[PDB]
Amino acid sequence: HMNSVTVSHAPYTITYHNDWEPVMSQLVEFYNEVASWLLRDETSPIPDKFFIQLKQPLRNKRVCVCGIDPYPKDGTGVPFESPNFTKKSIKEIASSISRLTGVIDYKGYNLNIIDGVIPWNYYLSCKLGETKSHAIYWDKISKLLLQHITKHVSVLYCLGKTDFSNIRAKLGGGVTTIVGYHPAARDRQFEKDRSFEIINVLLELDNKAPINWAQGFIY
């Protein structure tokens, strides 16, 4: 179910799943407006990995786990992913799921291999080593894409109370938005955060299947 459109600058070709179709024209238009600017910065991730998450189906997703932007370094295009399992954020998320599920022995963790879950970066790049530095470039695109995502998922789970302090939640909507502590914050706080369990309670209340968070583990 894959398609392809072209943008005037790198990565030139953008692959996407059918479910993203209603957005892709405005996306191409918007990205052509800012690409020349942001590409003059070296970025995390690299341009070829900006949009790889658009390959994912959305209709089978019921939970979005969203961070504000990619890792300052070594981003892969897949939000929170750390191939060698070294980034603090994914390690803490893993520790939380470890205590939750009883899985003690694991090599890594990836939110992208969990049924029903799509991990998301609100901004799709940052200047290398500088968090939120590409906000002005992704702004319009960021609203466009997230709004489309929340047309499919039942729960939007944002990580970072400061980062998402001004997010406007739509009540009725059929989408519940919760904002938790950033996993790489301070004074634990994220560790005692039970947002993953809360999500499943919300899902089951909405008569949806719950998330099997243990699926994220890599052995």
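Quick note: we count residues from 1 along the sequence shown, nothing fancier.
- Look at the C-alpha B-factors of 50-58 and of 183-191. On average they run higher in 183-191.
- When the C-alpha B-factors of 169-177 and 148-156 are averaged, 169-177 comes out higher.
- In the PDB entry, a CA B factor belonging to the lowest third of its chain's modelled residues is recorded for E130.
- The deposited CA B-factor of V7 belongs to the middle third of values across its chain.
- Among the modelled residues of its chain, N200 has a C-alpha B-factor that falls in the lowest third, as given in the PDB entry.
- Annotation for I68: CA B-factor lies in the lowest third of the chain's modelled residues.
- The deposited CA B-factor of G75 belongs to the lowest third of values across its chain.
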